[PDB]
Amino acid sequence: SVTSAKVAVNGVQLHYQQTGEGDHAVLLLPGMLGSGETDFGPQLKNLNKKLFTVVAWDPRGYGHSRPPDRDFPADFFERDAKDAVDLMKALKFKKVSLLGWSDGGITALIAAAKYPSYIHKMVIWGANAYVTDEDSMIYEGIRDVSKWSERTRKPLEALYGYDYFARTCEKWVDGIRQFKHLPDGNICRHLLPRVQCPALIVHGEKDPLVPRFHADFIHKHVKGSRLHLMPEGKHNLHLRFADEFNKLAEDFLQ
């Protein structure tokens, strides 16, 4: 059973889902336009409820954390990272582990680096710490939700309605473009060496959105990290291979 609610954090009413009675608190961080409802069903259902207390949050402007509407300032990943940690603190957790997917993995990396005393362990997949020319072709190619996959679009179109979905996606691409102009096309290359907790980087070898060199780079610069490659995994490996992923995550977190 899962409970949904909102809590006031940094001027916004953030929505989140929570389940479990475990003493090990875990936050599930969704990707672009994601939410606990669309990105973490299998985890909120199957992660061990005796071992963990699981929380899946909706970044401001995403999921049900509306208003406000989503905007992408130069520091939007850092703003989400602060909101995520403040949300867990508002929920009274003294320390937490992070499971971050894609943009959520980027967010998790930043949170671990900026609030090291609050993060126990971290599991991230599909994240990229910077943008290259190869990446540009990829994100520019997804700007138009019209060309998106029918199966991948349906859930977001249902949650937000076509208009908000389409527009926010365009604004997301515009936000990423700004990183390309910065030195090293940096998003969080500089924070990787500051992650002090045990980290597990998972990557689907058939991931069509994030080239593997991005996972290799994060693995290289996050001290003590482990890199797990899934031969058949794509970008949504925690959903397509949920039992395998959940087992992997549960083993690492304990």
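When you see a residue number, it is the position in the sequence shown, counting from 1.
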Average Cα temperature factor in the PDB entry - higher stretch of 44-52, 183-191: 44-52
Stretch with the greater mean C-alpha B-factor as recorded in the entry, comparing 171-179 against 71-79: 171-179
Which one of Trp148, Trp101, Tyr130, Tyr115 shows the biggest C-alpha B-factor in the PDB entry? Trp148
On the chain's distribution of Cα B-factors, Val9 falls within the third called middle
What third of the chain does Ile110 rank in for C-alpha temperature factor, lowest, middle or highest? lowest
Within-chain third of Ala84 by Cα B-factor, per the entry: lowest
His24 - Cα temperature factor, lowest/middle/highest third of chain: middle
Entry-reported Cα temperature factor of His235, expressed as the chain third it lands in: middle
